[PDB]
Amino acid sequence: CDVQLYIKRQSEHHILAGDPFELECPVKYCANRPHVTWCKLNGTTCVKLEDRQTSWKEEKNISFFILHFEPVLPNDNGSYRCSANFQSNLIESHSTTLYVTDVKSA
Amino acid sequence: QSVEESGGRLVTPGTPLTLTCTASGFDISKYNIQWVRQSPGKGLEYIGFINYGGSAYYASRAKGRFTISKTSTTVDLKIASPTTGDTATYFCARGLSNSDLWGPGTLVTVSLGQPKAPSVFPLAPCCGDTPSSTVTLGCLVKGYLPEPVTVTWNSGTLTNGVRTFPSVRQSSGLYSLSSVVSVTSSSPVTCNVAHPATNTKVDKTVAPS
Amino acid sequence: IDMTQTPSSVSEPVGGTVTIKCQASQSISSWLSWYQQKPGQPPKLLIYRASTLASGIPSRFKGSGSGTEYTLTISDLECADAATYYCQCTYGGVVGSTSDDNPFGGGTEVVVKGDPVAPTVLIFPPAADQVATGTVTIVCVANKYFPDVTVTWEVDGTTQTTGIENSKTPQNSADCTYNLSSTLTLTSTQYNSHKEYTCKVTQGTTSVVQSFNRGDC
Ligand SMILES: *[C@@H]1O[C@H](CO)[C@@H](O[C@@H]2O[C@H](CO)[C@@H](O[C@@H]3O[C@H](CO[C@H]4O[C@H](CO)[C@@H](O)[C@H](O)[C@@H]4O)[C@@H](O)[C@H](O)[C@@H]3O)[C@H](O)[C@H]2NC(C)=O)[C@H](O)[C@H]1NC(C)=O
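Residue numbers (the deposited numbering), protein chains in the order written: chain C, 34 to 139; chain A, 1 to 187, 189 to 210; chain B, 2 to 218.
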């Protein structure tokens, strides 16, 4: 029962800066829950995020690892993935892109 | 986390009124916050929002009539010169494009005239009726203004099957409603009615006639 | 931007599908949310950004569309889905949009059709404490019924045309049924001058009638 992390190719969201938001990734596992992290792309490198709240949720027999934005801000714009190391193999999801739209500020 | 509101009350036309939105479990000052109102029996109407940095924007019909402002702990909606048409429940909510947490609403009544406390009466089936193993009893809450009243049974401990009907409004402006509950004929029940606008409360013990 | 929400009301059977439409007067590029509102409760977010499901909302609720055209579809309809639904344009919050409004559509009342059930009818004569106030209100309650009913009041056989107020609970979340309260208000002098008080609850070809005689209560 291999660990799998699913994000559909070309996954994307547009959200207004100042609003609450979360990104989710479904984690498939059968033994102990793997240690999953979120990372954010900087060029070709997916940089581990450690300063942003993460949580786990169970929904319809599926586990989700969640990244929280409280609220989303313009700097949160970019591409994100979930990642885990399972038996000496780096397993990362496809990128999801968060496009942050600036709020009315006239 | 949750959003709370306060400030809804009866005012005469032209009397300035401030409503307040506060939060439990999040910092209300650092999100976009929107205000939406609803006239009794009508649809939702967007008023305006204040952005996460503290700048406010309004629907054209609201501009000049309403001001949204914030502090480090509150978001306020001020109605400069209320008209009878501003009678409505006012809601505040966290987020605009993802507006996820909503307050319970606070009820504003804009009217001439003074408040009126309700008269509360027990409801029991005709005494000449054959007793059953079960009985439906109630309380009539008659002739109050403004809304709302609260009705509970046995201090909130009795909740099963309780039907508290929506208020009805007479042309005079006075409201009435009823609440009924079904219990076994062996066990008395008490309706607890309160009308904050007149600082009144009534406890009525209802027994099968 | 104006939002045109249709239909204004719809009835569908349990297990069925509800389709609600919202048209924007110009493209709003998927800046649109859908809400559910039950009587007495705040709006509940279902969908934001046209198609994104809010947390805790079942996947039976689906939002779709783009540009000017938006659709909310509710599949496998439950009695618990009885509510009024609204779209909201959220484009006014986007930097540079010309209008600062974030307007709601007019709403869609959804009636969920369960099994038909005739009402059980109760009548409540006024207590002596009421009579002493000079005004009496007689209460009739039609319990656990579907579809909608009409109420007629009679006093010694004469149909009443004034002094009547009706109020209805929301559909029950388990069985889709309504409850109704109907009141008839008279002066104590009028009340004391008549004998038989009758509430007749009509549901198509079915009627349920409840009466009392003033002297017996
Ligand atoms: C918010 O973050 C977004 C994600 O980083 C930003 O979107 C990126 O914007 C840049 C600059 O406009 C685009 O760069 C172009 O990339 C294409 C190739 O794109 C395709 O291939 C890459 C992988 O190499 C893939 O990630 C893309 O999805 C495409 O399949 C080049 O041919 C161009 O010359 C140019 O360099 C990125 O493509 C774009 N990425 C995405 C996912 O949209 C966005 O600009 C940020 N917004 C703000 C306001 O900062």
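Cβ atoms here follow ideal geometry from the backbone N, Cα and C, with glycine treated the same way.
Check, Outcome
"Considering only heavy atoms of ligand 1, list every residue whose Cβ is less than 6 Å from one of them, following chain order.", "C:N110, C:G111, C:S112, C:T130, C:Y132"
"Examine chain B for any beta-carbon lying closer than 9 Å to the beta-carbon of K137 of chain C, and answer yes or no.", "yes"
"Express the C-alpha separation of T201 of chain A and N193 of chain A in angstroms, rounding to a whole number.", "11 Å"
"What are the partner residues of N200 of chain A, as DSSP defines its beta bridges?", "Per DSSP, none; premise fails for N200 of chain A."
"Would you call the segment 12-26 of chain A and the segment 116-127 of chain A touching, i.e. three or more CB-CB distances under 8 Å?", "no"
"Would you kindly check if the distance between the Cβ of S212 of chain B and the Cβ of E197 of chain B is under 9 Å?", "yes"
"Just checking: is the beta-carbon of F213 of chain B within a distance shorter than 9 Å of some beta-carbon in chain A?", "yes"
"List the DSSP bridge partners of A195 of chain A.", "A:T150, A:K202"
"Going by beta carbon distance, what residues of the same chain come within less than 6 Å of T206 of chain A, once the five residues before and after it are set aside?", "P189, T191"
"Using beta carbons (cut-off 9 Å, strictly below), is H68 of chain C in contact with chain B?", "no"
"Taking the alpha carbon of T129 of chain C as the reference point, which residue from C:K61, C:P53, C:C79, C:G51 has its own alpha carbon closest?", "C:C79"
"Counting Cβ pairs, one atom from each stretch, are 3 or more of them under 8 Å apart for the segment 129-147 of chain A and the segment 18-25 of chain B?", "no"
"According to a CB-to-CB cut-off of less than 8 Å, which residues of the segment 40-73 of chain B neighbour chain C?", "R50, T53, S56"
"For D77 of chain B, decide whether its Cβ has a neighbour in chain C, counting only Cβ atoms nearer than 9 Å.", "no"
"Over the uninterrupted beta strand (DSSP E) stretch that includes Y52 of chain A, give me the two end residues.", "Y52 of chain A -> no beta strand (DSSP E), and no H or E assigned at all."
"Is the segment 100-112 of chain C in contact with the segment 48-58 of chain C, if contact means three or more CB pairs nearer than 8 Å?", "yes"
"Taking the runs of the alpha helix (DSSP H) that are 4 residues or longer, which of them lie wholly in the segment 121-158 of chain B?", "129-132"
"Taking only the alpha-carbon atoms, compute the straight-line gap between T109 of chain A and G173 of chain A and give it to the nearest angstrom.", "11 Å"
"Quick one: does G64 of chain A have its CB under 9 Å from some CB of chain C?", "no"
"Indicate whether at least one CB of chain A lies closer than 9 Å to the CB of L49 of chain C.", "yes"
"Of the choices A:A56, A:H196, A:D100, A:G14, whose alpha-carbon is the least far from that of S81 of chain A?", "A:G14"
"Just to confirm, are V36 of chain A and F105 of chain B a CB contact at a threshold of 9 Å?", "yes"
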